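Colleague: Numbering (my numbering), first residue to last: 1 to 219.
Ideal placement from N, C-alpha and C gives every residue a C-beta, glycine not left out.
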Ligand SMILES: CC(C)c1cc(C(=O)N2Cc3ccccc3C2)c(O)cc1CC#N
């Protein structure tokens, strides 16, 4: 046999970018401070999932073909005690590559900035969703967050950040999710209570009791 060397690939498959400084300041703030009620992170994710589900639901009024990718609108929650992850998957509208990079790395600048200003003036962490940036509350409990997303008009993409100032984005060739978003939280060691059935049930019942979509726990 011969030994080729592929000196160049079709396109750079992993890209790394810095957050806007304001986004990174918030993330650093969130991942390092004490908050007495970190369970709000699940409310924030379920809230973003509900909106993504509304978005595909309303386009399905006008185009029934937008669900050939999946007709059930639902949220699933999967704690995995042995890999210390908690996973939320929704069948909402998902995100193109352009919006993945933009929404999470860049145009969150306004909301994160107004929020840190509001914090200086007396706000607290639970109000983060009033500024459109509730997703970053995941770092209350996670040391590392992964986002897998699939929009009807694009391929599947993976996003990842450990809150070190940077994130990466790559074409994800993994479990095809069809459509929507999947979030994988790599939990801090002192936050393993969100891998128990009792507790996750408490948090959903306490905060997301009136979401208009089924939420299913896969213990
Ligand atoms: C990465 C975060 C921000 C996230 C994004 C989506 C998502 O694809 N959209 C698309 C869309 C369209 C309209 C209104 C809102 C949304 C949010 C999701 O379904 C779940 C999460 C998890 C959290 N928190």
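Give every residue of the same chain whose Cβ lies closer than 8 angstroms to the Cβ of residue 107, excluding the five residues on either side of it in the sequence, and list them in chain order.
Modeller: By 1-based counting over the chain shown, the position of residue 107 is 107. Within the same chain, residue 107 has no close Cβ partners at all.
Colleague: Run the CB neighbour count on residue 112, radius 10 Å, all protein chains shown included, and call it buried at 16 or more, exposed below.
Modeller: Counting from one through the chain shown, the residue named residue 112 turns up at place 112. So residue 112 ends up on the buried side.
Colleague: For ligand 1, I want to know if residue 48 counts as a neighbour, meaning its beta carbon is within less than 8 angstroms of at least one of the ligand's heavy atoms.
Modeller: As a position in the chain shown, residue 48 is number 48, starting the count at 1. At least one heavy atom of ligand 1 is nearer than 8 angstroms to the Cβ of residue 48, so yes.
Colleague: When DSSP builds the beta bridges, which residues end up paired with residue 157?
Modeller: In the chain shown, counting from the first residue as 1, residue 157 sits at position 157. In DSSP, residue 157 forms a bridge with 149 and 171.
Colleague: At the level of alpha carbons, what is the spacing between residue 191 and residue 41?
Modeller: Residue 191 sits at position 191 when you count from the first residue of the chain shown. Residue 41 sits at position 41 when you count from the first residue of the chain shown. Their backbone Cα atoms lie some 12 angstroms apart in a straight line.
Colleague: Using CA coordinates, which residue listed in 62, 155, 44 and 21 is at the minimum distance from residue 206?
Modeller: For this step, residue 206 is matched to residue 206 along the chain shown. The residue with the shortest Cα to Cα distance from residue 206 is 44.
Colleague: Would you say residue 211 and residue 50 are within 9 angstroms of each other, going by their C-beta atoms?
Modeller: For this step, residue 211 is matched to residue 211 along the chain shown. For this step, residue 50 is matched to residue 50 along the chain shown. A contact, by the Cβ cut-off of 9 angstroms.
Colleague: Cβ of residue 138 within 8 angstroms of any heavy atom in ligand 1?
Modeller: Within the chain shown, numbered from 1, the residue matching residue 138 stands at position 138. For ligand 1, at least one heavy atom lies less than 8 angstroms from the Cβ of residue 138.
Colleague: Compare the C-alpha of residue 12 against each of 75, 169, 32 and 125 and name the closest.
Modeller: Start at 1 with the first residue of the chain shown, and residue 12 comes out as number 12. If we check each option's Cα against that of residue 12, 169 comes out closest.
Colleague: Sorry if obvious, but does the Cβ on residue 103 come closer than 8 angstroms to a heavy atom of ligand 1?
Modeller: Here residue 103 corresponds to residue number 103 of the chain shown, with the count starting at 1. Yes, Cβ of residue 103 sits closer than 8 angstroms to a heavy atom of ligand 1.
Colleague: Which residue comes first and which comes last in the beta strand (DSSP E) that contains residue 15?
Modeller: The sequence position of residue 15 within the chain shown is 15, counting from 1. From DSSP, the beta strand (DSSP E) with residue 15 extends over 14 to 18.
Colleague: Please find out if some non-hydrogen atom of ligand 1 comes closer than 8 angstroms to the beta-carbon of residue 224.
Modeller: Nothing can be reported for residue 224, as the shown portion of the chain is limited to 1 through 219.
Colleague: Would you grab the beta carbon distance between residue 101 and residue 218 for me? Rounded to a whole angstrom, and I think it's under 8 angstroms.
Modeller: Translated into the one-based positions of the chain shown, residue 101 becomes position 101. Translated into the one-based positions of the chain shown, residue 218 becomes position 218. No, residue 101 and residue 218 are not in contact; Cβ-Cβ is about 30 angstroms, not under 8 angstroms.
Colleague: Alpha carbon to alpha carbon, what distance is there between residue 87 and residue 149?
Modeller: Position 149 of the chain shown holds residue 149. Position 87 of the chain shown holds residue 87. Rounded to the nearest angstrom, the two C-alpha atoms are 13 angstroms apart.
Colleague: What do you reckon, is the C-beta of residue 55 under 8 angstroms from a heavy atom of ligand 1?
Modeller: Taking the chain shown and counting its residues from 1, one reaches residue 55 at position 55. For ligand 1, at least one heavy atom lies less than 8 angstroms from the Cβ of residue 55.
Colleague: Under the assumption that residue 181 contacts residue 147 (Cβ atoms under 8 angstroms), give the Cβ distance between them as a whole number of angstroms.
Modeller: In the chain shown, counting from the first residue as 1, residue 181 sits at position 181. In the chain shown, counting from the first residue as 1, residue 147 sits at position 147. Confirmed, Cβ separation roughly 7 angstroms.
Colleague: Kindly list the residues whose CB is nearer than 6 angstroms to the CB of residue 125, restricted to its own chain and excluding five residues on each side of it in sequence; keep chain order.
Modeller: Position 125 of the chain shown, counting from 1, holds the residue named residue 125. Once the five neighbours on either side are set aside, the close Cβ partners of residue 125 are 35.
Colleague: For ligand 1, any of its heavy atoms closer than 8 angstroms to the Cβ of residue 142?
Modeller: Counting from 1 along the chain shown, the entry for residue 142 is found at position 142. No, Cβ of residue 142 sits at least 8 angstroms from all heavy atoms of ligand 1.
Colleague: Determine which residues share a DSSP beta bridge with residue 142 and list them.
Modeller: Counting from one through the chain shown, the residue named residue 142 turns up at place 142. Answer is 187.
Colleague: Could you give the residue range of the alpha helix (DSSP H) that holds residue 102?
Modeller: As a first step, residue 102 is located in the chain shown; it is residue number 102 there, counting from the start. Unbroken alpha helix (DSSP H) run through residue 102: 97 to 105.
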